Amino acid sequence: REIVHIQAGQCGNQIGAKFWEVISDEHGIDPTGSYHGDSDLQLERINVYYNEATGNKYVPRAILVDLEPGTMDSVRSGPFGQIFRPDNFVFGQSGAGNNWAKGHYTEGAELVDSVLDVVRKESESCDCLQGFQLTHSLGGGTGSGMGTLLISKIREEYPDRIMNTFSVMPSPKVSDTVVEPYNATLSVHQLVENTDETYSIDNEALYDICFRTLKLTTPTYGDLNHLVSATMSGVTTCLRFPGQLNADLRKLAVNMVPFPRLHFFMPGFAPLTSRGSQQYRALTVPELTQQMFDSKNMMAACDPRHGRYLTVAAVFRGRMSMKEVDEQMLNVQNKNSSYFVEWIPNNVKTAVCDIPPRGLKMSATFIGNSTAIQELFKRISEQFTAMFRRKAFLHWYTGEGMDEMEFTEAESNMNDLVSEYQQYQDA
Amino acid sequence: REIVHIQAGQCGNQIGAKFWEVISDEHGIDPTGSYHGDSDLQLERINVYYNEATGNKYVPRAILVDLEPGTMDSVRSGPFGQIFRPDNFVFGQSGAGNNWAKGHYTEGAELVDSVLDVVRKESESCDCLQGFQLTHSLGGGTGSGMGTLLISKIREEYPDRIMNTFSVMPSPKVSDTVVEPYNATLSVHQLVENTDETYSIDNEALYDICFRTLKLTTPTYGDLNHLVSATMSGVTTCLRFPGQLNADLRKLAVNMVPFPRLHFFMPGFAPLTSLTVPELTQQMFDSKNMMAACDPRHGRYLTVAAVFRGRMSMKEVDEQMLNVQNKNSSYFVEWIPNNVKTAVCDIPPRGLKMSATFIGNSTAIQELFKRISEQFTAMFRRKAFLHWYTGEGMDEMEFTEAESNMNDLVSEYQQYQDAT
Amino acid sequence: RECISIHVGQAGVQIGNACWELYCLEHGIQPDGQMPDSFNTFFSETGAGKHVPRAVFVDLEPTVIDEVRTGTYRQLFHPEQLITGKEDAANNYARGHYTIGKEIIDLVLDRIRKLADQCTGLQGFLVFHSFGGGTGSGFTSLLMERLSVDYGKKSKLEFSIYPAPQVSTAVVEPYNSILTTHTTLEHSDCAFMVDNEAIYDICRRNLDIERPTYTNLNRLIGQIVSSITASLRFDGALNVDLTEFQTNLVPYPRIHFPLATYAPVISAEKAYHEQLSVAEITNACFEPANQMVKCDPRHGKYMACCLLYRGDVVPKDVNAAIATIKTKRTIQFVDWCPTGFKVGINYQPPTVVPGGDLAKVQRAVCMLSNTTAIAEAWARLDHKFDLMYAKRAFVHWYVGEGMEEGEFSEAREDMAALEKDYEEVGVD
Amino acid sequence: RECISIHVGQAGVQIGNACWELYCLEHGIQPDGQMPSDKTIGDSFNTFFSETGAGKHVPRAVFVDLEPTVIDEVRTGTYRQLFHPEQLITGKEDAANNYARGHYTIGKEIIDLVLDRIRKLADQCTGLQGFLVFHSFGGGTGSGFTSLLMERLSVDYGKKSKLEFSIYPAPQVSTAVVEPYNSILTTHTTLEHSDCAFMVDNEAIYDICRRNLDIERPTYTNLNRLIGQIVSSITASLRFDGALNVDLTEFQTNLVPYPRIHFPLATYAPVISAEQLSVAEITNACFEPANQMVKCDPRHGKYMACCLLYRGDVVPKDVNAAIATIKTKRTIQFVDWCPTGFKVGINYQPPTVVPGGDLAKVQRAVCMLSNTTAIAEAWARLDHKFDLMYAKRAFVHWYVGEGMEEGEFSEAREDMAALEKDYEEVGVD
Amino acid sequence: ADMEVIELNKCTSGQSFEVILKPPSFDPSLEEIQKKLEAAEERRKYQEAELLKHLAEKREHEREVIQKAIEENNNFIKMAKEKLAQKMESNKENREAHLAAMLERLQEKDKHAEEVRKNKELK
Ligand SMILES: Nc1nc2c(ncn2[C@@H]2O[C@H](COP(=O)(O)OP(=O)(O)OP(=O)(O)O)[C@@H](O)[C@H]2O)c(=O)[nH]1
Ligand SMILES: Nc1nc2c(ncn2[C@@H]2O[C@H](COP(=O)(O)OP(=O)(O)OP(=O)(O)O)[C@@H](O)[C@H]2O)c(=O)[nH]1
Ligand SMILES: Nc1nc2c(ncn2[C@@H]2O[C@H](COP(=O)(O)OP(=O)(O)O)[C@@H](O)[C@H]2O)c(=O)[nH]1
Ligand SMILES: Nc1nc2c(ncn2[C@@H]2O[C@H](COP(=O)(O)OP(=O)(O)O)[C@@H](O)[C@H]2O)c(=O)[nH]1
Ligand SMILES: C/C(Nc1ccccc1)=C1/C(=O)N[C@@H](Cc2ccccc2)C1=O
Ligand SMILES: C/C(Nc1ccccc1)=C1/C(=O)N[C@@H](Cc2ccccc2)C1=O
Ligand SMILES: [Mg+2]
Ligand SMILES: [Mg+2]
């Protein structure tokens, strides 16, 4: 019906940026103005992601929070710069710290109320606000800490409407901060009680998709954001496009979630690369389906083998015969029949929208409640308690006004969520 | 002396319509006006079936009851349409249901009193009202349910005067409603205690008379009413014609009924559709020509009346009449002595030079009741479609209470295959 | 001296109308009542012109009594003397006696008392009525109980119409006969039964009539009755008065029922054959064919015999004729009464109805026998009654109007016992 | 006399729009409402439409959904001219594929209004008969509002009977996993407020088109054209005035022997594709599991009442001997205690098809309404999913969420168990 | 047989006479019954005024059915008018404090966050 977007943190923001300019292309919007494109669909469901202002114009329903200027003037100075409404920008000035507390307690709550002030506007303006979505990192404070706060405060205000995040699970390999495990566990806890769906995105994955599956030597935060940008378009499409679903976001969650904890869709994509690599048109449907169902192409770093799919959505893109689709779809469920749960009956529905993305004739997006997600959580918690051991770097939070046992209090909430997923390899 | 007519229900009414225009021909009446015909008799006993009004005019003594507009504006729009006095039409508006209760209990009693109101003002006008006759179906509510109600309410008001019905016992083959057995058994009960004679008319017969005996493929409710229409004229004649009987309707009953229950004349006819005396008589005494679906063989005749029609020698008539009683001597009871009287009136019907009608109190009528009660208890079994009456305000045991009244009537007819 | 006719019930009334008609021809009264002691025995000299019959006519419908105030003769009676009653008796005695009766009886009874009052020394009554059938059985019965009370000695002669399957319509007939005949018999003096079947018979053999009408049958009974009543209308010795009627015919209180036989029934078209002999007609009276009730008196014993002659006859003839009724045919007398033959001559030649069926005859004869064979029809009835009541047959229509299951019982009982007296008169 | 249609829910609405459309072709109404026939002031087809104003012919219907979206595409494509802006209620927020939401949370608010906008249409009717409720079995507003409606309609309207057309839900063209819950939920609250109820198995319709129409992967508006035809052959009796089935009672007094057992099985005759059959052959189709209307197998369950609804050019002289050799060839299959059926309903009005549709103009078509005990096959094929989920509380928490009770689920499965029991309890003696 | 007659009278228009043949050889009405005719009416008046008290019977049983139905019908409406709005106000109270139960855990990761800044600003 209508959705707002909060995009908070250096990692959250530079994802947010790429998201926006990719969906902004599909609909076709000038770096400022309005429509330019021979297509006519687009605008049916532009209602949803774009609150429109005077003149021609179309402006996103976006809020950008950061706890320092730096990365905000990156967007405004970069690609689709001056697209966002000038004072939807919530500046920071202070430290961020790469520390959860600063973001969730001291310097965060310092701001927070000013964010709630933009969001309250847009959403109070928004004629039937369905819910919010959010983007952000999980190791590092401004995103993981402020946002987990944001959401907590977002609810309570908005119980009512459904919440939703692409969050970026951090890896030991390809990151900046020693502490992130700490940062993660703290938000994970937060998320698991406050969101309604939460796309898991491992940078262990994202980087692995690039060197394993691309031969791409020096992986930026660039080509790597690229994936997330794509995958995010993937997931959104059918609240923002056809008329062959109709995708309530609520409906969308009800049908995707069995058990009110555990909303941990690891996702995945059809094609890949950006620069000096191609596709010889060959994206075929069969070779598209046994590709969005291959682990080597998941957005979390799991392996949707050890662990069985609770529920599974896919959405397909390209003017192609879906008379092929359900026949391949079926085939996967039988070629891999074992690894679906029996006790929810028709637990893998798929649909198709025909207006392709930037480049690429044919493409697929996998949304994906796998209990193999347990595989990810367990990975962090493994280097968490390996650190909460002789209570090491903890003194950065000790002093911030956080409690000794408050770490253990959320270390545990996680080890439940581990063996609940383990407790759902059932009968 | 004088008789009124109640004609209630889609089946009851479209019979009543055909009856009226056939008798109205015999007397010769314009679709509105009065007499046009070279005959002069007619009018002697026209007194009986027609209360006459101002101008020339003649208007039947008829009341038409239905529980819905539909079939009433069929008559008024059809053959002898605007013959009946405009407000002798008792409208329905509501449902009928093809359900006994609605017609005897709820939607029926809803009307009823408006009917009593016309009847009361024809019969109270009528100078020496001898009795009423009624036409109607037995499976299906507006006729079987209302009418059985009508008659209960018609007595009590008029104990006094004698009641009389042509009722149409429904068959499993050639019908509309799954339930009719229920509807029938409920009125059968009612009739057997409130009427004084009841011409049984099976549609199993009526239809059978058409396909075994007439080479007519697609039998309407038309050519099939046609029979009843004819057979009804037959039975009436001698209250409405000669002066060689004189037929009190009461007398007529007294001499036709031995035992106060069991007034169930199965009828029959002579020639058929759109004739020698012998070949007329051994024809109204064939089963393949009876109006109930029986077989007047297994079952001996209690009493039997016939009325003959045609300027012919009755010196032949009693001689053929005798002959049937001897060629078939076994199958009349002995213990009522002169139990088969006949008479003859000489003014023929529409078409047909010579014709005969057979009125017949045969215990073989047991054969019909048993046939209904057979598919009735076969349904009252695990108490099936009954829930349509359950809810209407009828009792669980009230069905069984009238299923039994019928199984008496069976084995009383069986109990009258007796001894000298 | 005087002499009142009652005719109850359709049958009664029409027999009546067809013999008041024949009285009228005989005494020469033009319909209007005017004719241009003796016969004052039946008519009364009322007003200065007319000659009204001393009769009363009762029926429970109009219909039949209605015919009278229609076809000339309309002029002959007094509007008062024809009582009609709105609703029928419906072929049933109970209704006749108890239900529909009750109401009219008080009126009739008194309208009779009008006619007895214009009479100085009234003799008795002649009740004409149908045996079986409704008002005929039922009202007649109630009449007699009551006439019996309102009138002392004054005797009562009934002419009953014994009912016959072929020209009837009613099944319930037997019950009604055996019903009335029971209540009726202790209030009656002498009673001429007339078997419809025997009359239907005469016409089919003697008149050449195919299937004879009622008004066919009635012309015939009209002739017979008028030969019985003859005695008291011209005044000719023997049966000068109703008391003599029993004195000659009924030896026993119960046994009323004499058997009649009328002499030369012959059809115009034959009207000019050399007409029959004083001898031959006598020799007819003794012929089961020419009888008046279907039986056979050749095998039952006679117990009183009358011969009523009418016409041109010298007694010298009558005698030797009888003589060889003996020496040829069946004598057949009872143990203890002379050997009968009270013989009645009346010189008045017999008149027939003008465009009728029979012809003008020179001499006619009439034989009133009290034989014990006439109880053959007392059983030929009984048996039907028996074989019905056996099943309660039609009973319920009676118990209906108000009667008693046992009043039926009790009436068969009387027949049983009568049938017995009639048997108990043979030999010793 | 009169006759009101309610269509709740995306599925309801579109079945509706696709048979009000086919009603419109049959009775000759040009979209704007006006028909050039001598049959209006304000008999015969007045059963469904009302001659409102001096020109138009509004359907006696009310349309309800809880999003706009679907109701919106009526006030859009011609027919836009056909209804009254009143008669289409939309409701801002969705039911979200969930009954609790439909009955209790989002329902509460819109029900008072609908209920009353119905009362407007019942008021322009002198002696109203009953309602036709079109709605989706599984799925949100369709199960949950429909349920609430009926509870209330049941109160606001006395005798006035209620006929439902349910859309029994089929894995292949669904989207919703939670489906079963919703059906067994409604179906329970719903069944004691209903009179006779035509189930329509999406799968079996999807089936007919894949076999008999040569359609690759058939659309919704594909499926709806088919249902549109079937419904209009059921309702046919009360629209042209029929020689049989001419009122709601003696229409169904026919079908349901027992208070609970509503669910008749339909079977439509000559489905054949544009781009003709014998009176005999089409009858001999009605008894073919393929051409069925709910996926099951009636050759093994007992029949307990059978109707045949003919439409087109037919003399009964044909119908008969055709039936005759339905009995001397195929499987009779009757119950212990009810005659051997065959109320037979002739309607001389030749069957009209949608113009550039999928099917062709047929001379004669047949419709068979059978109340077999084999239709409880789909009463379990459902149940079992419901069972195998609730067993794990599976999706339950979304219900308890909106406001519902752990036990109200218990209690509804209880009802099917017991029903599944009555349907078994009608075999032999 | 040849007999001799006994002449028994002669008048104007006739003559009578016996004719004996073979010698013979030797071998309370009551009036009180008019009370009988109104005993007959005793039993008629009993009968007809019984198929009345047996008919004015089958009557106000009709009273029943006709209403002992309607009485059993609204006996459903006012059974299902609260099987509703008290199954349904059980719902309103039900959820509304699973809102509270949602919210009051908030004031508690909220009035917890408050107190550990008042603890930071003391560390
Ligand atoms: N001889 C003769 N017998 C008749 C005549 N009419 C009727 N009967 C017989 O009388 C018997 C029936 O008697 P009815 O006189 O008709 O009965 P009712 O009650 O006196 O007359 P209704 O007022 O018509 O009922 C049957 O046996 C008839 O055959 C007639 O005109 N002449
Ligand atoms: N046969 C048929 N089924 C449909 C159609 N549209 C939706 N459905 C089915 O409807 C069922 C669910 O009911 P819906 O009407 O879609 O859901 P709802 O909550 O009542 O309506 P919304 O949620 O507001 O869209 C599913 O089984 C769908 O397959 C249709 O056009 N034809
Ligand atoms: N793919 C994606 N991940 C990022 C990006 N930048 C950082 N990350 C990872 O996500 C974590 C959190 O982001 P960060 O900016 O440090 O958190 P902040 O305190 O909210 O600014 C980092 O520590 C990285 O491991 C971004 O460019 N895109
Ligand atoms: N012959 C005759 N019988 C009919 C006619 N119509 C219906 N019936 C039979 O009567 C029974 C039900 O009568 P129906 O008129 O439908 O009931 P009603 O209108 O409520 O009296 C059925 O078994 C039919 O077979 C018809 O008009 N003529
Ligand atoms: C349930 C569902 N998709 C889906 C719906 C019906 C049929 C097949 C797939 C989706 C989807 O495509 N994306 C998420 C919704 C979402 C996710 C993130 C941001 C906005 C909206 C979801 O639940
Ligand atoms: C007994 C009898 N007729 C009859 C009477 C005596 C001899 C022969 C036939 C008849 C008759 O002709 N019609 C019916 C009476 C009747 C009943 C209903 C409607 C009209 C007429 C009856 O019982
Ligand atoms: Mg009907
Ligand atoms: Mg919904």
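Residues numbered from 1 in each chain as written, not as in the entry; some residues may be left out. Chains lettered and ligands numbered in written order. Heavy atoms only, no water. Residues with missing side-chain atoms left out of burial classes, pairs and counts.

If you look chain E up in the PDB entry, it shows as Stathmin-4 from Rattus norvegicus. Anyone opening this PDB entry will find it titled "Tubulin-TN16 : RB3 stathmin-like domain complex". UniProt's Function comment on chain E is quoted here verbatim: "Exhibits microtubule-destabilizing activity." Listed in UniProt under the heading Sequence similarities, the comment for chain E reads: "Belongs to the stathmin family." (UniProt positions renumbered as here; feature names shortened; annotations may be inferred.)

You'll find chain C entered in the PDB entry as Tubulin alpha chain, with Ovis aries given as the organism.

Engineer: Would you explain the site of ligand 1 in this entry?
Structural biologist: Taken together, the neighbourhood of ligand 1 is formed by 24 residues, with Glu61, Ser130, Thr135, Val167 and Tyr214 of chain C sitting nearest. Bordering ligand 1 are residues originating from chains B and C. Taking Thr135 of chain C, its main chain carries an N or O atom lying 2.6 Å from an oxygen atom of ligand 1. Within the contact set of ligand 1, an oxygen atom lies 3.1 Å away from a backbone nitrogen or oxygen of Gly136 of chain C. At the level of elements, helix 1 (9-27), helix 5 (134-150) and helix 8 (214-228) of chain C are the ones that each hand at least two residues to the shell around ligand 1. When residues of the shell around ligand 1 are assigned to their parent elements, the largest contribution, 5 residues, is made by helix 1 of chain C. In terms of residue class, the shell around ligand 1 is made up of 7 nonpolar, 12 polar and 5 charged. (Near = heavy atom within 4 Å. Polar contact = N/O pair within 3.5 Å; in protein donor to acceptor, adjacent residues only side chain to side chain. Helix = DSSP H or I, 4+ residues; strand = E, 2+ residues; numbered from the N terminus. Nonpolar A, V, L, I, M, F, W, Y, C, P; charged D, E, K, R; others polar.)

Engineer: Just to check I follow, could you spell out the environment of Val343 of chain C for this structure?
Structural biologist: Residue position: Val343 of chain C is located in strand 9 (residues 342-346). Overall, the relative accessible area of 0% leaves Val343 of chain C in the buried class. For the pair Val343 of chain C and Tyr73 of chain C, spaced 270 residues apart in sequence, the C-alpha to C-alpha distance is 35 Å. Not counting the four nearest positions on each side in its chain, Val343 of chain C is found in contact with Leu307, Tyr309, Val318 and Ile322 of chain C together with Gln15, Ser16 and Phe17 of chain E. (Buried < 20%, exposed > 50% of the residue type's maximum accessible area, 1.4 Å probe, protein only. Contact = heavy atoms within 4.5 Å.)

Engineer: Would you mind showing me how to read the nonpolar core here?
Structural biologist: Nonpolar side chains tend to gather and get buried jointly when the protein is soluble and globular. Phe377 of chain A, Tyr182 and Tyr389 of chain B together with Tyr181 and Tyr399 of chain D are the most contacted members of the largest nonpolar core, which has 271 residues in total. What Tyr399 of chain D contacts, discounting residues up to four positions off in sequence, is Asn97, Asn98, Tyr99, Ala100, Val178, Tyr181, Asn182, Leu185, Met404 and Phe409 of chain D. Among the nonpolar cores identified, the runner-up in size contains 197 residues, and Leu64 and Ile209 of chain B together with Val334 and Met388 of chain C belong to it. (Core = buried A, V, L, I, M, F, W, Y, C linked by side-chain atoms within 4.5 Å.)

Engineer: Could you clarify how one ought to interpret a negative patch on the surface in this entry?
Structural biologist: A grouping of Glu324, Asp326 and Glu327 of chain A together with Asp214 and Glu216 of chain D is seen on the molecular surface, where their side chains present a negatively charged patch. By relative accessible area, which is 35% here, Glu324 of chain A ends up partly exposed. (Patch = residues over 30% accessible without salt bridge, like charges linked within 9 Å, V, L, I, M, F, W, Y side chains within 5 Å. Areas by Shrake-Rupley, 256 points an atom, 1.4 Å probe, with all protein chains shown as cover. Salt bridge = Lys/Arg side-chain N within 4 Å of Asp/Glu carboxyl O. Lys, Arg positive; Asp, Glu negative; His and termini not counted. Charge placed at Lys NZ, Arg CZ, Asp CG, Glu CD.)

Engineer: Would you mind going over unusual backbone geometry with me for this structure?
Structural biologist: Note on backbone geometry: most residues besides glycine have negative phi, and most peptide bonds are trans. All names here are of chain E. Even without being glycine, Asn9 reaches a positive phi, approximately 100°. Tracing the backbone through its elements, the reader meets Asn9 in strand 1 (residues 6-11). Taking relative accessible area as the criterion, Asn9 reaches 44% and is therefore assigned partly exposed. Residue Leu30 is not a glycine yet carries a positive backbone phi of 70°. Tracing the sequence through the fold places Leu30 in the loop between strand 2 (14-18) and helix 1 (40-48).

Engineer: What should I look at first to understand helix 13 (residues 376-389) of chain C in this one?
Structural biologist: Because each turn of an α-helix spans 3.6 residues, side chains separated by three or four positions in sequence point in the same direction. All names here are of chain C. In this model, helix 13 (14 residues) spans 20 Å end to end at C-alpha, consistent with the 20 Å of a helix rising 1.5 Å per residue. Every buried residue of helix 13 is accounted for by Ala377, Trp378, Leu381, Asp382, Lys384, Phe385, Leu387, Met388 and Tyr389. If you follow the buried residues of helix 13, they end up packed against strand 5 (156-162), helix 6 (173-184), strand 6 (190-195) and helix 15 (405-423). (Expected span 1.5 Å × (residues − 1).)

Engineer: Can you walk me through the site of ligand 5 in this structure?
Structural biologist: Residues in contact with ligand 5 amount to 17 residues; listed here are only the nearest, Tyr199, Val235, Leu245, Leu249 and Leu252 of chain A. Surrounding ligand 5 are residues belonging to chains A and D, so the site spans chains. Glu197 of chain A is positioned such that a nitrogen or oxygen atom in its side chain is 3.3 Å from an oxygen atom of ligand 5. Calculation on ligand 5 without its partners gives an accessible area of 510 Å², and the protein chains cover 97% of this total. Among the residues making up the shell around ligand 5, the classes are represented as 13 nonpolar, 2 polar and 2 charged. Of the residues that make up the shell around ligand 5, three or more belong to each of domain 1 (1-258) and domain 2 (259-372) of chain A. (Domains from an automatic or database assignment.)

Engineer: Where do I start with the environment of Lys18 of chain B in this structure?
Structural biologist: All names here are of chain B. Of note, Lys18 is situated in helix 1 (residues 10-27). On a C-alpha basis, the gap between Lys18 and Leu191 in space is 24 Å, while along the polypeptide they are 173 residues apart. Discounting residues that sit within four places of it in the chain, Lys18 has contacts with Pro79, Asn225 and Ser229.

Engineer: So what exactly am I meant to see when it comes to the domain arrangement of chain C here?
Structural biologist: Interfaces are often sized by the amount of accessible area the parts lose when they come together. Residues and elements named next belong to chain C. Taken as a whole, chain C is organised into domain 1 (1-258), domain 2 (259-373) and domain 3 (374-428). Taken residue by residue, the interface counts 14 residues in domain 2 and 10 residues in domain 3. Classifying every residue of the side of domain 2 that touches domain 3 by side-chain character gives 6 nonpolar, 4 polar and 4 charged.

Engineer: Please explain the interface of chain B and chain D as it appears in this structure.
Structural biologist: On the side of chain D, 20 residues touch chain B, which itself brings 18 residues to the contact. Listing elements by their share of the side of chain B that touches chain D, those giving two or more residues are helix 14 (366-380) and helix 15 (387-390) of chain B. Residue composition of the side of chain B that touches chain D, grouped by class: 7 nonpolar, 6 polar and 5 charged.

Engineer: Help me out: how do you make sense of the interface of chain E and chain C in this one?
Structural biologist: Counting residues at the interface gives 31 residues for chain E and 40 residues for chain C. Class assignment of the residues belonging to the side of chain E that touches chain C gives a composition of 14 nonpolar, 9 polar and 8 charged. Bridge analysis of strand 9 of chain C against strand 2 of chain E gives 4 bridges, and the strand direction is antiparallel. Pairing of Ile345 of chain C across the sheet is with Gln15 of chain E, part of strand 2 of chain E. (Pairing = 2+ DSSP bridges.)

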